Every structure is written in C-alpha cells, then in structure tokens.
Amino acid sequence: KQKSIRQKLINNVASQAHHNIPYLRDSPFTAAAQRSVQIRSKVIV
Amino acid sequence: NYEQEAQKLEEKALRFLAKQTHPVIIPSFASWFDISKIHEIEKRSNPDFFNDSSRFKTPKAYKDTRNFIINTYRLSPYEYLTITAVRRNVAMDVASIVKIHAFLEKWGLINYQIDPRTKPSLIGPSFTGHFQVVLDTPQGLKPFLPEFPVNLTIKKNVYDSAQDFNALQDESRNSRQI
Amino acid sequence: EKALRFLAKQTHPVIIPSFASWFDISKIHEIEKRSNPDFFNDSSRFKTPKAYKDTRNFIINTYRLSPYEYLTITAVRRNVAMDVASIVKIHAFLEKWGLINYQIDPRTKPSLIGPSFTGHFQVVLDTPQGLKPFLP
Amino acid sequence: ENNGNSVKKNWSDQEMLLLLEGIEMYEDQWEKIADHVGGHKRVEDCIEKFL
Amino acid sequence: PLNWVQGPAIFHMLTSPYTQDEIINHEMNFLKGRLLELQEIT
Amino acid sequence: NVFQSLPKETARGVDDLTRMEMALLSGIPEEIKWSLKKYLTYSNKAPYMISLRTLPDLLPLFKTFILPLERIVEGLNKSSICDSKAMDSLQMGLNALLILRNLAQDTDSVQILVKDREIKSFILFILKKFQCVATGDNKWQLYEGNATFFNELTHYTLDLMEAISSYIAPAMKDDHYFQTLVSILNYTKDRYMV
Amino acid sequence: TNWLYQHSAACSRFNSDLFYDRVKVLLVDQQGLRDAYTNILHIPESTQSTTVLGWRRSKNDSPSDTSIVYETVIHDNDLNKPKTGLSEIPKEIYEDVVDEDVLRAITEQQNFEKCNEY
Amino acid sequence: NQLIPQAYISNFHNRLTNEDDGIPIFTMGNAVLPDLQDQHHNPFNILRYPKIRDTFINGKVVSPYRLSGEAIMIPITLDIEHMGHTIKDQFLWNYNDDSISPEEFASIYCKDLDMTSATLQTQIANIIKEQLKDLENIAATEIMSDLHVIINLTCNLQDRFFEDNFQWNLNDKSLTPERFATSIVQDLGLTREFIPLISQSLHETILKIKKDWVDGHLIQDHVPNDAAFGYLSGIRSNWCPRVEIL
Amino acid sequence: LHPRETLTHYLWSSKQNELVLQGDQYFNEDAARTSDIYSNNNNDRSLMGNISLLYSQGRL
C-alpha cells in the first residue's frame, strides 16, 4: 500500500518536472520545447 | 541601571504593540509593496506628488496618507474601508485622496474581496529560520537618562507549519487538544 | 540692556552640542544669513533683522528656562508678534541645528494622533495555487 | 490511553498502531484515518508519516 | 459592461510530451469529449 | 447571519484574466513567467479571449517586452548572455513574440497590429539582421553559440510578415521588405520557410 | 523692567500646561481613543516605531526540522544621541563655517544619522 | 476552514446614525477596542467588546465601487436637508484638476451614506457646480505687496467651538495651512478630525481677504495690531488658541 | 578578442548544465524503494512538500 502511494507521489511530482524545479524551466532547450509545442497552426488565406 | 532601563523599555514597548488577531491577505502580484519606502510603481502611477508641480503635494504627505489608509485598514481587515471615512480624518483635496484610494484598491493592498476557506495552503520558501523583523525605537518611549545600542526581542512566537502560520495559531492547541 | 537680568536670574545652565560650537549668542552671521535670507534681502517692512534678533533670543532663552520640556510652536506664538510663517521657519531652524529641542524628556514631544503601526504584522500571499506565507 | 501526548512528531507506539489499524480499516479517506489516530493530527502529517 | 462568464475548457494534459505525434490522439479524444458535451446545450 | 449572503462569483479572489494582466504590469519576474505561460496557453487554445479588438490596453503590455529585444539582437554577435538575468529577459521577449504571432491569425486581432507603426520597425530590424546572416557580410557576423537563440527568433517574425503583408498591399519601388525577403529566398534550405 | 521674564515665564507655564493637558487625556485616563468613523483605536504616534528596518535570517539548531520562528525586535544606535536632523540640509551651506572640527562634528552627526539601517 | 473572509462588511451608516458617536454628518480591561490587547488567537474573544459585536450583528454586505501645473484649492460647504435627517459637511476641491467629476463624487458620497436615491446625486452635483463656478477667478490670484493681515478664526464641531487669533502673511507661499492645522492639533492633543476642519475653515478666510484685494481693491494695509514685541515697535503677542465647550 | 565575458559565460553555463544533469539522480530503482528520500531530506525540500497540494486535488 505504501508502494502504491509512493507511485502516485513520484508519478505526479516527477511528471511535471519543468514547472516547479527552477533550474530546469530556465534552461534554453526546455523553454524552447515548451514554447514550440504551443505554436498554433497557420491559417491558409 | 542599564539592565533595568532595558527591561523598562521592553515592558512599555510591549504595552504599545497592536497585537495581531486577524490574518491579512494580499494578492501575490502585489508583493512589491513595503510600508517603509516608496516603490517606483507608485512614482509613475501618481506622478502629481513627485513632479514638484504644486505646493500641496509633496512625497511626505503622500506617504503619510498612504500609511494612514493602510494602517486603518489592516487593524480592521474584515471591514470594507470607504472613502468618506478617510476624507474626514486626512486633510487633502478630494481628487487626490480618491486617486490614492483607488490606486491602493487596484493592487489589492486594501479592500481585497476573498474567502480563504475555499483555497488550499502551500510551503513556498524554506521551513526554518529565526525570521525577526527589525523595527525602530519609538521616540517617546526612549529612556530619560539625564547626562547604549541595546536591541530587544519583544515577542517570540513559534509555528509548527505553514498551515498554522496562515491562521495565526501559536501552538495554543495544547490548550484545546480537541 | 533688558535681557542681561533675564539671563542672570532664572536660567538653567547651558547644554550645547559640539556641532553647535559655531553659535554666537551676541550677533548673527553667514549661516543664518544664507539659510533663511528673507529677513535680510528686503522681503517686507516687517521682516527687519532686529526683530529676528529679538525672536531668536526669546526662543533660545525660553528653552533655557525649561531645558527638559519640548518648546512648542504655539507656546512661543503666545508672546511673539510675528508671522506664523516665520515663527515656523525660525523654530525649525533652531531645532534643526540641535539647540533648543536637543536634550529633553522624549515623552514631551507632540505627536499627531493616528492609528497604530502595522509593519510587524503577518501577511499571507494569494498565490494562484495556494496561500503560501510572505517570508522574504 | 486517552490523554493528550507530548509535543508533536514523537509518534508513540499507540499512535503508530492506531494509524495502521486505520489503514487496514478504510484503505483511503485520510480524515477517517486522522480521527481514528485521535484527531490531534492532521491529514498532511499522517500521510507524511506513513510514507 | 461586465459579464461573469465561465471560461473555455482548456486541455491541460497530465503528462506533457513535446513531440506532436504523442499528442494528437489525446487531443482528438478531447475534441470529441468536449464537442459532444457542448452540443446538447444548443 | 451576514456571512451567509456572499456572492459566489468573487469569493475566490480576483479572476484569472485580471490576475494575468496585473502580473505583467508589476515587476516580479517569476509572476511575469507565470503570466506569459498562461497568456501563451490561452492564445493557443482560445485566441478570441485575448483578441486585441476586445482588450485594447494589452498590446503596449507586450510591446514593453518585445521592444527591448532589439538590444539583445544587436549584442548577439558576441557571447553577450552571461548571467541568468539577461537570459530571462530573452526568454520573456521570445515568448511574447510567440504570443503576438499566435494572435495574428484572426483578421480582427491583425489590423491593430498593422496600424501600430512600431512592430513593423521590429520586423524590419529582425529581417535586416537575417539578411546580414544570409548574404554573408562581414558586418554583424553571427556568433554560432547564440544560433539556437536566433533561429527560432526568425521563424516567429516571418510568420508575422506572412500575415501583415496583405496590409502592405501597395508595394513601392525601393522597398526594404521585398528586397530583404528576395535576398533571404536564395539562401535558406527550409521547405516551410521557402 | 519685569516685562520679558514675565512673558517668558508665562510661555513656559503655558507650554507645561499644554503638556499636562495632552498627556492625561490620551495616554493616562483611557490609554488611547476611539475613532467614530472607523473602529480603530487612535494612539499618539510617538509610541509606534514609524519605520521598519531590514530582515534577518537564521537557522534552527536541530536539523531536519519543520518549525517556523517568526518574531520581532527593536534596534537603535547608542540610544542617547538625538535625531536633530542635519541630513535635511544641502552640503553647500556649512562650508564657510568657522572651524574644521565643527565640520568634523557635523559630518559625524550626519554619518550617524545615515546609519538608520544596520 | 475557520477563517473570516477578508471583506463584505461595511457597517458605516449605522455608526452615522448611532446617536452615541459624535459624527456631524447625519442627525436622524477598560478599553473599548482591542488594538493594544492580545486575545490569545481566538477571534471569538473580540466578541466581548461592545462596539464589535455591533459591527457583526448590525453589519451588511457591500459590493466594491469601481473606477495641470498649479493646484487651486477651493473650500466647498454642503448643507442639505433630506427626509428629516440632514447633511452638513465641508471639503476642499482642486479647481485645476478635473480627473473626477462632481457627478462621480456625488455618486460615491451617496453610496457610503446608503441612500442611492438617484436625486441626491443631482442636487449635490449642482451645489458643487454652483460653488465652483461662482469662484473661478477669485482664487487664481497672484498676490504681492505684503498684506500681513490679522485673522480671527472659529470652527464649529458639536458644541466644542475652536477659536484663535494670529497674524498672517499672505504673500509668501512657504507655510501650508494644512501643515499649520497639523501643528495646532499636534500641540493641543485634539482628535484627528480637527485636521481638515481647521484648514477648510482657513482657505475660505484666505479667499475672503483675497476677495477685498481684488473686488473692491481696498488696500487698508494700516497697522495690524500687535503687542510691541515683533514687527511694529510700540514700546519694546495677540492671543492663543483654545477649545471652549458652550 | 574579449576574454572576460566569455569566461564568465563559461563559469555560468557549465554550472547550470551541471545542475541540469544532476537534476535526475533520485528516481532510481533502489533509491526510491529505500527510505532516503522522504525521511530527513528537508535539505532537498522538493518532494514531500507537494503532499499539501496533491491531496487537495484528490490524486492522493
């Protein structure tokens, strides 16, 4: 039971990992990937 | 003589301290504000006091009426402070005091409509540390001494967690153990 | 001619700070001439310098008669027939250089009635995901 | 016992036993665990002690 | 003139990958499960 | 009895849109990061909420982040980004540039961006520096370590130039946009950019 | 004669009379007041510590602890030299002064007053 | 849980009509407030104070109202009877500023009184428009030539009449009269409500005197009476302030 | 050409990339089955502080 609580803890703390930890959400490549996933598709005409 | 005068000053300073019974909530974006000094956001939103245009609008009178509004709000936090209650006590023209009141209500420093029972709590900064605010000596409670840099902790207070820091519980729960 | 007796009889002794050693009880000089020059450069018929001499002597000696109380602006205005706009200037001038409100009982100074000071109060933040404390 | 124990984060064997009794009872519902411990402990500390 | 309105359902997925091909199925499921829930309001 | 008739709509604090609009207007940098992330999410998922036609006092709030990026592009020919304080301004500027790129596929959030006579100066500046890269001139040779800072900087500007060009429909003779893009087209190897 | 001493003694008696009036009503009789417009106890400002200085950090003794210690403190430098403000004077005035150690005492008092922070 | 919400109480009009609080707006331990006494962190303790369960029992819930080179100060009186109760007060106004209209100040000032009758606003704004437009080029003067007039001054506040005498130079602009009234009320130990009410009773007298320098242009700068200590050497002051209860 | 503001760049960015590579060491097999994450690691502070949040969201 504490194994199944530790899974729900770690797979919801490590599952974000780029919005809480400061030195990871300030790197170039993480910020560029999070910026580049949000690109809205181009409207033709 | 110095120990007795220090204990006397500590006693008659705890006599005048305005002990807190109510928590005060400000919004997170208005954490730039400090009671002591004037921030640059206030100097570009209300420029009429700092341009030295008129004689009746100095930064000293601005800071006095600003501290007046915020101190008469935080001693009674549950009560919506109004303009007419402030206008009868402070001597300024009406347009400027309405500007300052609308400014302080814009940032949520006064009159912040919230019900904190429907929001969780967090632990943002570190747990431990002797956080001690450093005030000044209130000139008027200084010793007479007819002819000494003594600092004095007035109020010690411990908190087990942030959940009892947010609700002003000082481990008095040993009294009410449920 | 009139103030010699008055300084002789009932004046408590002189206490003066070290940065007021340039002071002259007899006459005036360039510091008071350049600080508030309105008593000298013909501002009005009223503001002749001899009245300035008499008022500064009256203020400093009125503090000599009671060195342990704050000499207020109203208590000297009772018997000084001068502009209040210049009584304020001379009083703030003499208090500013630490002469006539220097060593007093500190609970004698008038303070404006007002609410309490809330700086040591605890503030909590309205973070968009909680209510973390405000600890810098 | 029934008396209020000492200053918190001591976790006497009575409280550990009642916590494990609660976890065998309810399998969830940490309010119903924290009152069964005795009600003088929060949910956010019973979970921090079972982990 | 104010109108206190409920905002749109923004798909904030629990795990957030970065490549597009690991997203499109979940976003199709969100579009179906939002437009079907919203179609009955009309 | 008085604590029973509370309005339910305002008992959570302020609403999130005024929260985002006030967070940028302050100077707290982490709250600015939060506000730009949420503006980006609302610009991708529901752009009509941040339509510039509806909220007019919002475009200078992005100009105050985008306009100091020109100094960074000027200094980007050397290893300028040294501490962790200039880089945060760089990332905020690129993220606000992406927000204005995403709002520019609406045809009602676009005319406000066109009538501004200062966003086009930024577009022309970025295109002139990319022409200096694409021709190979000795003035302003690109430092390679900043290249990933510059590359996605020039994909977000062309998508503005692809959207506002219909409103620059009178083409002059000695134009700088047309000359710059016809210089760029000879150099690149991207299918999307061509 | 007997004019100027009489006037100055009347001034000093009027001063002490105003002090004995203002000290009984505010602080001694009921220790404050009550504003009618807002339910706030007005108090004289002299007992209130107008400014606020810097913060101080520390750590608790035992490691791996979770307790928060929030507290207050007072502070002053030497508590005997008064605050007769010479810093509200531009530095061009007192340079035709008579002495040099007078200038040293003015700069010493001003550097004392600019140490309001710690 | 167990936390008070931060707002939603505006018990101000009942203290306006309390008849114990000496507010002149309407007509029709041993401490009183715990601003120096701790309560050991139970809010329920604040219900022992008799003026504070008054603001929880008789309170209501309010909704928040939402919104040049030289200032010219003009005092404005306000005296309106309305359904038995009256409104008698006074406030300054900046003529050079126009950031707020008198309609908006009438809508704000009627909201704290909890009237919102939609016709008090028009009447208040018309009185303010009248007293502003009557005094547009009498307070914009540039007085020189050293008038130095004597001033007797009175103030009415609930049978506690203030009265004093002083010599005034209305040629220099160094002394703000609000700072003057601050210096008075610091010394006499009065409440803070006398801070506006003296200065608002002074500017009017300033534009009463200014009036005679401009309208009739009567100079009459002839012997402001003194006591032979200051300006005019008679033999080598006037009075002192007081608070009389009638 | 200018060596100062590239050596400061090196000392900054090497430190930041070392912290980024050492952002993942407490998610192993036998570093999580043991107890040296939850107990006594208030030095770390990263997890076991989310438990005031994650229970309030119903995840558990």
# chains A, B, ... in the order shown; residues from 1 in each chain; ligands from 1

call {"tool": "residues_around", "arguments": {"residues": "region 11-16 of chain D", "least_positions_apart": "6", "cutoff": "10 Å", "atoms": "only C-alpha atoms", "output": "PDB file with C-alpha atoms, in the first residue's frame"}}
result
ATOM      1  CA  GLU D   1      -4.577   5.781  26.682  1.00  0.00           C
ATOM      2  CA  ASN D   5       0.512  13.198  24.396  1.00  0.00           C
ATOM      3  CA  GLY D  22      -6.982   2.784  10.284  1.00  0.00           C
ATOM      4  CA  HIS D  36      -9.004   7.315  14.395  1.00  0.00           C
ATOM      5  CA  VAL D  37      -5.456   8.276  15.366  1.00  0.00           C
ATOM      6  CA  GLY D  38      -7.093  10.662  17.829  1.00  0.00           C
ATOM      7  CA  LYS D  41      -3.011  15.098  13.978  1.00  0.00           C
ATOM      8  CA  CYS D  46      -0.405  11.182   8.752  1.00  0.00           C
ATOM      9  CA  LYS D  49       4.425   9.656   8.424  1.00  0.00           C
ATOM     10  CA  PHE D  50       3.041   6.660   6.516  1.00  0.00           C
TER      11      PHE D  50
END

call {"tool": "interface_residues", "arguments": {"of": "chain C", "to": "chain H", "cutoff": "6 Å", "atoms": "only C-alpha atoms", "output": "JSON, numbers by chain"}}
result
{"C": [46, 51, 78, 79, 80, 81, 82, 83, 85, 110, 111, 112]}

call {"tool": "write_last_selection", "arguments": {"atoms": "N, CA and C atoms", "output": "PDB file, in the first residue's frame"}}
result
ATOM      1  N   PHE C  46       8.167  94.525   7.550  1.00  0.00           N
ATOM      2  CA  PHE C  46       8.034  93.874   8.844  1.00  0.00           C
ATOM      3  C   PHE C  46       9.286  93.086   9.209  1.00  0.00           C
ATOM      4  N   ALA C  51      14.112  92.468  14.667  1.00  0.00           N
ATOM      5  CA  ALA C  51      13.054  91.588  15.146  1.00  0.00           C
ATOM      6  C   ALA C  51      13.482  90.128  15.095  1.00  0.00           C
ATOM      7  N   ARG C  78       2.385  82.724  21.637  1.00  0.00           N
ATOM      8  CA  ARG C  78       1.559  83.499  22.556  1.00  0.00           C
ATOM      9  C   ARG C  78       2.124  84.895  22.793  1.00  0.00           C
ATOM     10  N   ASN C  79       3.451  85.046  22.777  1.00  0.00           N
ATOM     11  CA  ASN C  79       4.071  86.327  23.103  1.00  0.00           C
ATOM     12  C   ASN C  79       5.112  86.764  22.077  1.00  0.00           C
ATOM     13  N   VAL C  80       5.008  86.298  20.837  1.00  0.00           N
ATOM     14  CA  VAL C  80       5.843  86.770  19.736  1.00  0.00           C
ATOM     15  C   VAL C  80       4.915  87.288  18.648  1.00  0.00           C
ATOM     16  N   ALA C  81       4.937  88.602  18.423  1.00  0.00           N
ATOM     17  CA  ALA C  81       4.035  89.238  17.464  1.00  0.00           C
ATOM     18  C   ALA C  81       4.729  89.285  16.108  1.00  0.00           C
ATOM     19  N   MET C  82       4.716  88.142  15.434  1.00  0.00           N
ATOM     20  CA  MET C  82       5.419  87.974  14.171  1.00  0.00           C
ATOM     21  C   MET C  82       4.559  87.045  13.318  1.00  0.00           C
ATOM     22  N   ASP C  83       4.892  86.945  12.030  1.00  0.00           N
ATOM     23  CA  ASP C  83       4.233  85.992  11.145  1.00  0.00           C
ATOM     24  C   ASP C  83       4.431  84.571  11.644  1.00  0.00           C
ATOM     25  N   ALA C  85       4.231  82.104   9.677  1.00  0.00           N
ATOM     26  CA  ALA C  85       5.033  81.547   8.594  1.00  0.00           C
ATOM     27  C   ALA C  85       6.526  81.795   8.762  1.00  0.00           C
ATOM     28  N   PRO C 110       5.209  66.570  21.021  1.00  0.00           N
ATOM     29  CA  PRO C 110       3.868  66.319  20.482  1.00  0.00           C
ATOM     30  C   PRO C 110       3.914  65.456  19.233  1.00  0.00           C
ATOM     31  N   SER C 111       3.110  64.402  19.233  1.00  0.00           N
ATOM     32  CA  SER C 111       2.947  63.542  18.075  1.00  0.00           C
ATOM     33  C   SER C 111       1.495  63.571  17.627  1.00  0.00           C
ATOM     34  N   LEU C 112       1.299  63.504  16.314  1.00  0.00           N
ATOM     35  CA  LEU C 112      -0.039  63.573  15.753  1.00  0.00           C
ATOM     36  C   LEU C 112      -0.805  62.289  16.029  1.00  0.00           C
TER      37      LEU C 112
END

call {"tool": "atom_distance", "arguments": {"atom1": "CA of residue 31 (chain G)", "atom2": "CA of residue 16 (chain G)"}}
result
20.3 Å

call {"tool": "interface_residues", "arguments": {"of": "chain F", "to": "chain B", "cutoff": "12 Å", "atoms": "only C-alpha atoms", "output": "compact mmCIF listing (two decimals) with C-alpha atoms, in the first residue's frame"}}
result
# COMPACT_ATOMS: atom_id res chain seq x y z
CA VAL F 2 -24.17 38.46 7.39
CA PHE F 3 -21.65 35.76 6.40
CA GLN F 4 -24.30 33.77 4.51
CA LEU F 6 -21.69 36.21 -0.02
CA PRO F 7 -21.64 36.48 -3.83
CA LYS F 8 -20.25 33.17 -5.08
CA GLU F 9 -18.52 34.65 -8.14
CA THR F 10 -15.95 36.83 -6.33
CA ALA F 11 -15.09 34.65 -3.31
CA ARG F 12 -12.04 33.10 -5.00
CA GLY F 13 -10.06 36.35 -5.10
CA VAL F 14 -9.66 38.12 -8.41
CA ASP F 15 -10.46 36.39 -11.68
CA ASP F 16 -7.57 34.95 -13.66
CA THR F 18 -7.12 40.44 -14.30
CA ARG F 19 -4.52 38.32 -12.49
CA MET F 20 -2.59 37.83 -15.74
CA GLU F 21 -2.99 41.49 -16.70
CA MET F 22 -1.74 42.73 -13.32
CA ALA F 23 1.10 40.20 -13.08
CA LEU F 24 2.88 41.62 -16.14
CA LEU F 25 2.21 45.17 -15.01
CA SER F 26 4.17 44.57 -11.80
CA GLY F 27 7.90 43.84 -11.78
CA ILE F 28 8.06 40.44 -10.08
CA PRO F 29 9.88 38.21 -12.59
CA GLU F 30 8.51 34.79 -11.59
CA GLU F 31 4.97 36.12 -11.69
CA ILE F 32 5.77 37.52 -15.14
CA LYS F 33 6.86 33.98 -16.14
CA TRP F 34 3.54 32.61 -14.88
CA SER F 35 1.55 35.31 -16.68

call {"tool": "interface_residues", "arguments": {"of": "chain A", "to": "chain I", "cutoff": "9 Å", "atoms": "only C-alpha atoms", "output": "PyMOL selection string"}}
result
chain A and resi 3+5-6+8-10+12-14+20-21+23-24+27

call {"tool": "residues_around", "arguments": {"residues": "residue 5 (chain B)", "least_positions_apart": "4", "cutoff": "8 Å", "atoms": "only C-alpha atoms", "output": "PyMOL selection string"}}
result
chain B and resi 1+9+143

call {"tool": "closest_atom_pairs", "arguments": {"of": "chain C", "to": "chain F", "cutoff": "10 Å", "atoms": "only C-alpha atoms", "output": "JSON lines"}}
result
{"residue": "C:126", "atom": "CA", "partner": "F:13", "partner_atom": "CA", "distance": 7.9}
{"residue": "C:127", "atom": "CA", "partner": "F:31", "partner_atom": "CA", "distance": 9.4}
{"residue": "C:128", "atom": "CA", "partner": "F:16", "partner_atom": "CA", "distance": 8.4}

call {"tool": "write_last_selection", "arguments": {"atoms": "N, CA, C and O atoms", "output": "PDB file, in the first residue's frame"}}
result
ATOM      1  N   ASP C 126      -1.679  35.569  -1.865  1.00  0.00           N
ATOM      2  CA  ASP C 126      -2.692  34.903  -2.679  1.00  0.00           C
ATOM      3  C   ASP C 126      -2.048  34.425  -3.982  1.00  0.00           C
ATOM      4  O   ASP C 126      -2.276  34.960  -5.069  1.00  0.00           O
ATOM      5  N   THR C 127      -1.214  33.405  -3.835  1.00  0.00           N
ATOM      6  CA  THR C 127      -0.679  32.664  -4.966  1.00  0.00           C
ATOM      7  C   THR C 127      -1.827  31.997  -5.726  1.00  0.00           C
ATOM      8  O   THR C 127      -2.807  31.571  -5.111  1.00  0.00           O
ATOM      9  N   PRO C 128      -1.755  31.910  -7.075  1.00  0.00           N
ATOM     10  CA  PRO C 128      -2.845  31.262  -7.825  1.00  0.00           C
ATOM     11  C   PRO C 128      -2.993  29.759  -7.630  1.00  0.00           C
ATOM     12  O   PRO C 128      -3.849  29.145  -8.276  1.00  0.00           O
TER      13      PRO C 128
END

call {"tool": "closest_atom_pairs", "arguments": {"of": "chain G", "to": "chain D", "cutoff": "12 Å", "atoms": "only C-alpha atoms", "output": "Markdown table"}}
result
| residue | atom | partner | partner_atom | distance |
| --- | --- | --- | --- | --- |
| G:64 | CA | D:9 | CA | 11.6 |
| G:65 | CA | D:9 | CA | 9.9 |
| G:66 | CA | D:9 | CA | 10.1 |
| G:67 | CA | D:8 | CA | 11.0 |

call {"tool": "write_last_selection", "arguments": {"atoms": "N, CA, C and O atoms", "output": "PDB file, in the first residue's frame"}}
result
ATOM      1  N   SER G  64      16.748  18.887  10.062  1.00  0.00           N
ATOM      2  CA  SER G  64      15.560  18.136   9.627  1.00  0.00           C
ATOM      3  C   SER G  64      14.337  18.495  10.466  1.00  0.00           C
ATOM      4  O   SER G  64      13.574  17.632  10.905  1.00  0.00           O
ATOM      5  N   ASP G  65      14.165  19.789  10.700  1.00  0.00           N
ATOM      6  CA  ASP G  65      13.053  20.333  11.461  1.00  0.00           C
ATOM      7  C   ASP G  65      12.160  21.142  10.527  1.00  0.00           C
ATOM      8  O   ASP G  65      12.588  21.596   9.464  1.00  0.00           O
ATOM      9  N   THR G  66      10.898  21.303  10.921  1.00  0.00           N
ATOM     10  CA  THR G  66       9.922  21.997  10.094  1.00  0.00           C
ATOM     11  C   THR G  66       9.324  23.236  10.744  1.00  0.00           C
ATOM     12  O   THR G  66       8.388  23.816  10.180  1.00  0.00           O
ATOM     13  N   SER G  67       9.835  23.673  11.889  1.00  0.00           N
ATOM     14  CA  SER G  67       9.165  24.725  12.635  1.00  0.00           C
ATOM     15  C   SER G  67       9.582  26.110  12.153  1.00  0.00           C
ATOM     16  O   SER G  67      10.725  26.337  11.750  1.00  0.00           O
TER      17      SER G  67
END

call {"tool": "atom_distance", "arguments": {"atom1": "CA of residue 130 (chain B)", "atom2": "CA of residue 130 (chain C)"}}
result
23.5 Å
